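Quick heads-up: it's one chain on its own, the form deposited in one PDB entry, in structure tokens.
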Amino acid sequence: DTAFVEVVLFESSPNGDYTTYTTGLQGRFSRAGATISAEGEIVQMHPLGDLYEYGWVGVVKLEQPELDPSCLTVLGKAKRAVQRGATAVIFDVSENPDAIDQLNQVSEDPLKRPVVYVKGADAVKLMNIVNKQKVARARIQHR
């Protein structure tokens, strides 16, 4: 159920040595995808509708549905991301907390990759890193 999200910042010396910095975060695995570990470069997704090498983690901030103009539901977004090569997808569901029920509903065919949600403190934390800059890596762990 619980997904431990480790966000990695890293920098290299021009002699190829890396120093990594890590910051922890919690969400939940949803029934929309599998309960397994995942790891990849973070990509902030954008609503409207391959743009990236296979293996990315998609991060989506959802908006309040009454005001949401998007075509894709939360489940539509999870599906597309995986079709387009994501190894996992993390949704921020603070604006749309019905989205959890939607992601946890009985699944006609659940995706092979993790579909995780965060909210509260842990989302502000995520979106502060997703915005601040790219080149962050997400480790999604299942304990």
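One-based numbering along the sequence shown. In this text, rigid core is short for the largest set of C-alphas that superpose within 1.5 Å between two forms.
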* Structure fact -> Unresolved deposited positions lying between residue 49 and residue 50 come to 4 to 9
* Asked: Out of 64-72 and 112-120, which stretch has the higher average CA B-factor listed in the record?
  -> 64-72
* Asked: Of the two stretches 125-133 and 6-14, which shows the higher Cα B-factor on average in the entry?
  -> 125-133
* Structure fact -> Per the deposited entry, the peak Cα B-factor within the set 87, 83, 102, 107 goes to 107
* Structure fact -> Based on the PDB entry, the highest CA temperature factor among the options 27, 33, 97, 55 is that of 97
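Not on display, but discussed next: the form deposited in another entry.
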* To do: Establish whether a shift of 2 Å or more occurs at the C-alpha of residue 131 between this form and the one not shown, with the two forms superposed on the rigid core.
  => no
* To do: Would you say whether residue 68 is displaced between this form and the one not shown, judging by a C-alpha shift of 2 Å or more on the superposed rigid core?
  => yes
* To do: Taking the shown form as the reference, report whether the CA atoms of residue 38 and residue 17 lie closer or farther apart in the other form; the distance changes by 3 angstroms or more.
  => farther
* Work out whether the Cα atoms of residue 16 and residue 39 come closer together or move farther apart in the other form than they are in this form, the change being 3 angstroms or more. => farther
